[PDB]
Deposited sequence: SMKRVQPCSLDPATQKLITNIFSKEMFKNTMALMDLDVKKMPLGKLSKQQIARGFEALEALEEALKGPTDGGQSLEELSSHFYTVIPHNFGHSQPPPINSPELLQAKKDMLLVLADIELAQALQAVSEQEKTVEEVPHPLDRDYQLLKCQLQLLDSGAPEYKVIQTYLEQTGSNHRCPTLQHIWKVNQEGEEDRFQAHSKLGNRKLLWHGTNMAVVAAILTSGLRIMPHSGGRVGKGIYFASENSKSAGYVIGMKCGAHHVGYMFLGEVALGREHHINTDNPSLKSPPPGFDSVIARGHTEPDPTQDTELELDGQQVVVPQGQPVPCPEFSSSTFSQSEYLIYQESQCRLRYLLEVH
């Protein structure tokens, strides 16, 4: 017997978000942008086991990069058998540098979040038995187990957020704000409440691939094995939208280029400032709660405002970037804010930008 499809409860902006973040085209586009062979690795055939074997192949590579073992070519060949790549049916390149090794680790981290979105969408057994089903976009929204509320022009934080975006985004081609959603991923709450005595909270940008937005909404921002960067194995944020916007992988839709950026409330506590790269960091030093790789510039601190979120004051920058003479010789043009516990960040807002 035919099941009834119930009417969609979502507003238009939210329907479009949910369509974009679960789009098979979007996922396959992302895979093509990462040089993956989507014909040999279709979305539905992606598996946790395959991804795990990929990381094992890169771990073997890493060890070889640091005795009569297998050549980098032989070990690369093994990786590429596990994770098929496409380079116009030429040979794929040997993974023979720290930079390329990490680029492959980053590709697998994105692919793991694509696989997470696919597994999330699997039809449960209850759903096969119930006689009415939600509209597909309500179903997909519900799988996130994450409350999203579209804001309008006169939500109390709307102009504050807009100002943060405009004042710290690129001067010439600033991203155009389309929508803001407030994000409440429940049961971030409990772990985040742990740090309630920790002051020094700031609302910070996290730009991302469209392909990992569903994963982030479901699971929060995470520190994954194999993740890394100029400040080590943590979660990375920026006070300058323009820094985070560089990590936005958008998608062409009609005449526009659509992307997503998060704002997270980050309990930074006592900050350790650095001015040179340290990719080997796994934690702040003792008695510190965060590491800030300090940039040549910072949003003018004299213009900081605050929002009140769950009864805590959260600093929100509102100033254009100004020079910080004390970090004029830093290896970082713009600051990178690092935490090394997933509990120190709570997702607060999601922005669609064109």
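Numbered from the first deposited residue, the sole unresolved range runs 67-69.
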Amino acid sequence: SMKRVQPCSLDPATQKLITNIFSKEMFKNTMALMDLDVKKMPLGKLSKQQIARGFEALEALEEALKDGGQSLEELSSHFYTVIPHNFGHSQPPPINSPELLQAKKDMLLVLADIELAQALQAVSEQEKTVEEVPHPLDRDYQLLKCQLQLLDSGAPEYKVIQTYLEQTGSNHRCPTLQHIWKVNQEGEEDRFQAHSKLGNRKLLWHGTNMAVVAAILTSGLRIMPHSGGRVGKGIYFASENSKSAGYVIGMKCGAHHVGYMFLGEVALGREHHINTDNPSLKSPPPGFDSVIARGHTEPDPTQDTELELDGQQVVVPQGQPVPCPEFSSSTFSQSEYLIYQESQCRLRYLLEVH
From here on, numbers count along this sequence of modelled residues.
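The stretch 190-198 shows the higher mean C-alpha B-factor when 190-198 is compared against 76-84 in the entry. Averaged over Cα atoms, the B-factor as recorded in the entry is higher for 166-174 than for the other of 166-174 and 203-211. In the PDB entry, the Cα temperature factor peaks, among 41, 34, 315, 291, at 41. The residue among 243, 105, 128, 273 whose C-alpha carries the highest B-factor in the deposited model is 128. In the deposited entry, the Cα temperature factor of residue 295 places it in the lowest third of its chain's modelled residues. Residue 157: CA B factor lies in the middle third for its chain, per the PDB record. When all modelled residues of the chain are sorted by CA temperature factor, residue 233 is found within the middle third. Ranked against the other modelled residues of its chain, the C-alpha B-factor of residue 250 as given in the entry falls in the highest third. Residue 91 sits in the highest third of its chain by CA B factor, as recorded in the PDB entry.
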